[PDB]
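Student: I would like the atomic coordinates for the input below:
(chains A and B)
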There are 2 protein chains.
Amino acid sequence: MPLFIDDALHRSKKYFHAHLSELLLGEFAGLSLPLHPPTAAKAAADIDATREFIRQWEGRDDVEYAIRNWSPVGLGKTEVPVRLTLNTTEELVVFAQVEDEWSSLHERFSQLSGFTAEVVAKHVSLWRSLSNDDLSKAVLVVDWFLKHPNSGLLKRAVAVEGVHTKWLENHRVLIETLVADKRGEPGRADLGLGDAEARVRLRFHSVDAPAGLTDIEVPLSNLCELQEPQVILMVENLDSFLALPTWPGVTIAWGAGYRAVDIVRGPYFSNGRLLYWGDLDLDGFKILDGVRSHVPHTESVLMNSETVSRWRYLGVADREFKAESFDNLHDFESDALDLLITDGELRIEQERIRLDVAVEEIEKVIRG
Amino acid sequence: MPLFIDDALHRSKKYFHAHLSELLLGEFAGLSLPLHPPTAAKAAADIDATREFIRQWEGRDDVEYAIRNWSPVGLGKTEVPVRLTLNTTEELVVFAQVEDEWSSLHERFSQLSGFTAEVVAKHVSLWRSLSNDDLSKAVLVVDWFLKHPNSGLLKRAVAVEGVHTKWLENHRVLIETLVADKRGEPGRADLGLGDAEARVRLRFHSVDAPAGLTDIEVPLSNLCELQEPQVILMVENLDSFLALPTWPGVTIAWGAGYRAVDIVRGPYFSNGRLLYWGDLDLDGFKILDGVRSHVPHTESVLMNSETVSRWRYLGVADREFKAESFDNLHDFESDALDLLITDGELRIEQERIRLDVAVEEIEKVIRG
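Tutor: Numbering: from 1, shown residues only, chains lettered A, B, ... in the order given. Next comes the structure:
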């Protein structure tokens, strides 16, 4: 089919957008589009559209013309445009009508001349839409990450002017690439940003309270400053954790559900006898399994078929129950979870156990 | 209009439900419903419906009948039912067809005979739908609240079997009424339940860290176990609070927004020089005002027209701005809030201040 000038314009702009990387590198191979001039029969079938096709190309210096003999259809020998060829990037950009976009791209590109041009061009998609101020901030941030490698600092501790956390996160992939470039690392550099926040809550009896503080929440990293505990009681439910009294030599730990598995990776938790009390449901047993995966001498409390049998009348159906296998449960815990399964996937929350009964069973287990 | 038997049944049941309190008290005044027998003309216009009306009442001992003379319409003297009268609660309940509901209501009511019958009947709406087990638990809970007045304990510390927090809350108004009854208090008793709310977060320099713990979160009640601070830096935004370094003799406190006003009620906060750093918006200044309402020597940091003037280019419009007057701001803070107002209700979040600049201004203010 005949390629009209509007169609060539569209294809040229589409190609320009498809090869933005190469053009910024000066790697323009040229674009050649055949215009497919009408056959004699088509020229005779629609004389006016064929005239329009030819007229749209007349007088262009980048267009090849050829004489076709249409004498059999009464038009005689007529010169028709056959092919557009754009050899230079300037010809493409002026033809594709993208001069302002190209100038803005080169201006932004030139602001990035401190980095490898090849890498910049390959990821043009990351920066073509940024403001010049955003680019200047980006350069400043890259220098900051090069001067403070593995800072371990929170995203907020990047003290670069105009750089707030939401902005730094939004362009993060670009920053990682540019840090990799300056470091000579492939792809994306580790920024060495931190997250901190590894926290755990502990309660003490007044005789053991560090500096007399009987209820503290600390980062896991500070646990080495404490006296080693003889007994740790980890409690999943917070309300049960808070209602318990405190005992000499016993550190009470809040398990915070599944967070228990990450918490027990701290050496503090292996230095004592670890007792765990969770929910009587799938999730409590899965947390117990994960805890023993790091501290195998973990003893369960109130997570036995005897307690289940007593308190199942307050159980509700666990709505999310999916049979999962746990490798680190003892037989009596497999028996208790199976017992919860068969009564209709029961969940017996810790809060349904009478606090005094839980205290009595805990005291029995702790005393040995 | 003639009242058919179905309509009387409906009205009797509706009345029964409307006076449930009085019936349980034996205060049944009787129900009298006039049946409005047809006039001669209506009896003649619809002979069959009139026959049905009469037939539905025939043979009932509680129905008054009267002879109407319908001879002018060819029916002669005909006896017609004129009025239903139910004098006893049994007649009403059997007629209203609510025997099972009435028996269940009295059984539940008899379970409440330990309390004033009048009060129980007046609030029948609170208990008619409970199970007998829920009633037994309620009695046990009432005895618990009578034996532990002003316990200050959390809802979870109610160690009554089968009573969990969600259940105790769902029936709470009923429990308060019953405790009031046994206490001889009008209406609803204070249960004397607590909320054990507090929680302030503190960071220390390593030389001041209690037992070497440099980042702790404690209940406000534990603050008396700490050494009195020389300087407190309260920070509203958490990310700024965490990114700051720690200084000798300086305790950094997390203000947690509006929670700062309740936190500073602790004597710990008056024992030192209290510095506050909040957001540059309406909320930060309102928190500062509330803080000084308890600790008048509170000094603001970075909440001045100089800092505003420098960082306003990162401000955004505060969308919830409502002109509020604050009594405890100093003139330079009124000037800074007014400056935020006039540039279009700006919010300049703490995270937009360069961390090193905030550190420098904080260090200047702390050093004096």
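
Student: For the rest of this, base every contact and every neighbour count on C-alpha atoms.
Tutor: Will do.

Student: Counting neighbours, which bits of the helix ranked longest in chain A end up buried?
Tutor: The longest helix of chain A (DSSP state H) is helix A:132-147. For helix A:132-147, a neighbour-count test (16 or more other CA atoms under 10 Å in any protein chain shown) marks A:134-135, A:137-142, A:145-146 as buried.

Student: same check, this time on stretch A:188-201
Tutor: Buried, per 16+ other CA under 10 Å, within stretch A:188-201: A:188-189, A:191, A:193, A:199-201.

Student: So what touches it?
Tutor: For stretch A:188-201, contacts defined as CA atoms under 8 Å, 6 or more residues apart in numbering or on different chains pick out A:145, A:149-155, A:173, A:176-180, A:183, A:215-221, A:253-255, A:263.

Student: ok so, going back, can you convert the buried residues of helix A:132-147 into TSV and add a column each for distance to chain B?
Tutor: Putting the buried residues of helix A:132-147 into TSV (distance: CA to the nearest CA, whole Å) gives the following:
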residue	distance to chain B
A:134	13
A:135	17
A:137	13
A:138	15
A:139	16
A:140	13
A:141	13
A:142	16
A:145	15
A:146	18
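
Student: Which positions in the stretch 101-250 of chain A make contact with chain B?
Tutor: A:153-154, A:156-165, A:210-219, A:222, A:225-226, A:239-240, A:243 (CA under 8 Å from any CA of the partner chain).

Student: What about the residues you listed, which are in helices?
Tutor: Per DSSP H, the subset of those in helices is A:165, A:239-240, A:243.

Student: and of those residues, the nearest to residue B:20?
Tutor: residue A:239 (39.6 Å; CA to CA).

Student: The closest one: how many residues sit nearby?
Tutor: 17 (other CA atoms under 10 Å in any protein chain shown).

Student: Strands - which of the contacts of stretch A:188-201 land there?
Tutor: Judged by DSSP state E, those include A:215-219, A:253-254 as members of strands.

Student: Which residue ranges of chain A form strands?
Tutor: Going by DSSP E, chain A shows strands at A:31-34, A:63-70, A:76-86, A:199-204, A:215-219, A:231-235, A:250-254, A:273-277, A:299-300, A:316-317, A:346-347.

Student: residue contacts, residue A:92?
Tutor: A:12, A:16, A:31, A:86.

Student: cool, and residue A:347?
Tutor: Contacts of residue A:347 by CA under 8 Å, 6+ apart are A:279-282, A:315-318, A:340.

Student: Please tell me how far the closest residue to it other than its chain neighbours sits from chain B.
Tutor: Nearest residue to residue A:347 in three dimensions, chain neighbours excluded: residue A:281, at 4.5 Å (CA to CA, 6 or more residues apart in numbering or on different chains). According to CA to the nearest CA, to the nearest Å, residue A:281 stands 17 Å off from chain B.

Student: Now do the contacts for residue A:281.
Tutor: A:318, A:337, A:340, A:345-349.

Student: Also residue A:332?
Tutor: Counted by CA under 8 Å, 6+ apart, residue A:332 has contacts A:304-305.

Student: Kindly report the same for residue A:72.
Tutor: Residue A:72 touches residue A:40, counting by CA under 8 Å, 6+ apart.

Student: Residue A:319 too?
Tutor: Contacts were defined as CA under 8 Å, 6+ apart; by that measure residue A:319 touches residue A:345.

Student: Same check on residue A:73?
Tutor: A:40-41, A:44.

Student: Sort out which residues of stretch A:105-114 are buried, please.
Tutor: With the criterion 16+ other CA under 10 Å, stretch A:105-114 contains buried residues A:105, A:108-109, A:112.

Student: out of the residues you listed, which are inside helices?
Tutor: Filtering the buried residues of stretch A:105-114 for helices - DSSP H - leaves A:105, A:108-109.

Student: what domains does the record give for chain A?
Tutor: A:5-97, A:103-183, A:199-367 (automatic domain parsing).

Student: right, so those: which one is the most enclosed?
Tutor: Ranked by mean neighbour count, the domains of chain A are led by domain A:199-367 with a mean of 18 (mean count of other CA atoms under 10 Å in any protein chain shown).

Student: so what's the nearest residue to residue A:89 once chain neighbours are set aside up against?
Tutor: Nearest residue to residue A:89 in three dimensions, chain neighbours excluded: residue A:28, at 6.5 Å (CA to CA, 6+ apart). Contacts for residue A:28 (CA under 8 Å, 6+ apart) come out as A:22, A:88-89.

Student: Over to residue A:28: give its phi and psi.
Tutor: The phi/psi pair for residue A:28 (degrees, to the nearest 10) reads phi -100, psi 110.

Student: ok, residue A:205 touching residue A:246?
Tutor: Yes: between residue A:205 and residue A:246 there is a contact under CA atoms under 8 Å: 4.7 Å.

Student: Phi and psi next, for residue A:188.
Tutor: Main-chain dihedrals, residue A:188, degrees, to the nearest 10: phi -120, psi 130.

Student: Excluding chain neighbours, what is closest to residue A:302?
Tutor: Among residues not flanking residue A:302 along the chain, residue A:277 sits closest, at 6.4 Å (CA to CA, 6+ apart).

Student: Contacts only, for the one you found.
Tutor: A:233-236, A:300-303.

Student: repeat that with 10 Å
Tutor: Going by CA atoms under 10 Å, 6 or more residues apart in numbering or on different chains, residue A:277 touches A:233-237, A:240-241, A:255, A:284-285, A:287-288, A:299-303, A:350, A:358, A:362.

Student: And residue A:298, by the same measure?
Tutor: A:232-234, A:269-270, A:272-276, A:288-289, A:291-292, A:328-329.

Student: What separation do you get for it and residue A:291?
Tutor: 7 Å (CA to CA, to the nearest Å).

Student: which residues do the two both contact?
Tutor: Joint contacts of residue A:298 and residue A:291 (CA under 10 Å, 6+ apart) are A:274, A:276, A:328.

Student: so can I have CSV of those showing distance to residue A:310?
Tutor: Below are the shared contacts of residue A:298 and residue A:291 laid out as CSV (distance: CA to CA, whole Å):
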residue, distance to residue A:310
A:274, 25
A:276, 19
A:328, 25
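
Student: Now do the closest residue to residue A:289 other than its chain neighbours against residue A:265, distance only.
Tutor: Closest residue to residue A:289 apart from its sequence neighbours, by CA to CA, 6+ apart: residue A:328 at 5.1 Å. Distance of residue A:328 to residue A:265, given as CA to CA: 16 Å.

Student: Likewise for residue A:280?
Tutor: Distance of residue A:280 to residue A:265, computed by CA to CA: 23 Å.

Student: residues contacting the closest residue to residue A:265 other than its chain neighbours?
Tutor: Closest residue to residue A:265 apart from its sequence neighbours, by CA to CA, 6+ apart: residue A:294 at 6.4 Å. Residues near residue A:294 by CA under 10 Å, 6+ apart: A:261-266, A:269-270, A:328.

Student: Could you tell me which of those residues belong to helices?
Tutor: Short answer: the contacts of residue A:294 in helices (DSSP H) are A:261-263.

Student: hmm, back to that, export the contacts of residue A:73 to TSV and tack on distance to chain B?
Tutor: Below are these laid out as TSV (distance: CA to the nearest CA, whole Å):
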residue	distance to chain B
A:40	67
A:41	67
A:44	66
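
Student: how far away is residue A:152 from residue B:355?
Tutor: 15 Å.

Student: list the contacts for the spatially closest residue to residue A:123 that is not a sequence neighbour?
Tutor: Excluding its sequence neighbours, the residue lying closest to residue A:123 (CA to CA, 6+ apart) is residue A:21, at 7.5 Å. Applying CA under 10 Å, 6+ apart to residue A:21 gives the contacts A:27-28, A:117-125.

Student: follow-up on the earlier one: between the contacts of residue A:294, which sits nearest residue A:54?
Tutor: residue A:262 (74.2 Å).

Student: Contact partners for the residue of the stretch 51-200 of chain A found nearest chain B?
Tutor: Proximity of the stretch 51-200 of chain A to chain B (CA to the nearest CA) peaks at residue A:159, 4.9 Å away. Residues in contact with residue A:159, defined by CA under 10 Å, 6+ apart, are A:141, A:144, B:351-358.
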